[PDB]
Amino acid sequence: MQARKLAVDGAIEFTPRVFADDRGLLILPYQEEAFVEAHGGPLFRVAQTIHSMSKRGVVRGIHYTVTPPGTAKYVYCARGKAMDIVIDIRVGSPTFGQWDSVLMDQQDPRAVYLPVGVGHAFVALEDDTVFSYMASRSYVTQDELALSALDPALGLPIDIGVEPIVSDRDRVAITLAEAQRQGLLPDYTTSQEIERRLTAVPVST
């Protein structure tokens, strides 16, 4: 397993090996040793998992969780192809306003660690594109917020030639800039504090 610290502070791309034989395929998308060495502590406790499949041209995001409580996530692309995007929406962050992209696909599969307080978006490049998540918190539509993924100030790499396929909620999302004005965005310090508590190393005999 290879790990690559992304430009968005604390975000990480992991590249598992694909082991192939006569029976099919085996991948180990999350691996404790590689993760602890990259991040400094183990994965959060898993409160919920998500299986999401999208059609070609679907754009989902930018999604984030009111912080506190916040959510940290670990996502891998289990089928199809996507441009995955971490957006740093944590006010105070050294990389605030920065985004990073990971090409997710079945030939060179990738997993992404998303810190507490960051936004997540992606575009599906193929039908039957599947994102598989572990999350540190169960989903409350409540605390779950959206920002405009098509926002021109952002220039996210989300256009693939065809009309984006988007939920009404994601389509009408306020901008990053508007959310900051209104004080709706995660704070970087708070986010970090929660994240360190979530991914605390177990300390035993």
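One-based numbering along the sequence shown.
Enquirer: Looking at the deposited entry, does 131-139 or 92-100 carry the larger mean Cα B-factor?
Expert: The stretch with the larger mean CA B-factor is 131-139.
Enquirer: In the PDB record, does 59-67 or 145-153 carry the higher mean Cα temperature factor?
Expert: Taking the mean C-alpha B-factor of 59-67 and of 145-153, the larger value falls to 145-153.
Enquirer: Choose from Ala82, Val75, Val118, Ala78 the residue with the greatest Cα B-factor as stated in the PDB record.
Expert: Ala78 has the highest C-alpha B-factor of those listed.
Enquirer: Lowest, middle or highest third: which one holds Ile165 when the chain's residues are ordered by CA B-factor from the entry?
Expert: For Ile165, the deposited C-alpha B-factor lands in the highest third.
Enquirer: Should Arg17 be placed in the lowest, middle or highest third of its chain by the C-alpha B factor in the entry?
Expert: CA B-factor rank for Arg17: middle third.
Enquirer: Ordered by C-alpha B-factor within the chain, which third holds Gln182? Give me lowest, middle or highest, please.
Expert: Its C-alpha B-factor, which the entry lists for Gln182, ranks in the highest third among residues of this chain.
Enquirer: Using only modelled residues of the chain, where does the Cα B factor of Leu43 rank: lowest third, middle third or highest third?
Expert: Tercile = lowest for this residue's CA B-factor.
Enquirer: Splitting the chain's C-alpha B-factors into thirds, which one does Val172 fall into?
Expert: Answer is middle: the recorded C-alpha B-factor places it there.
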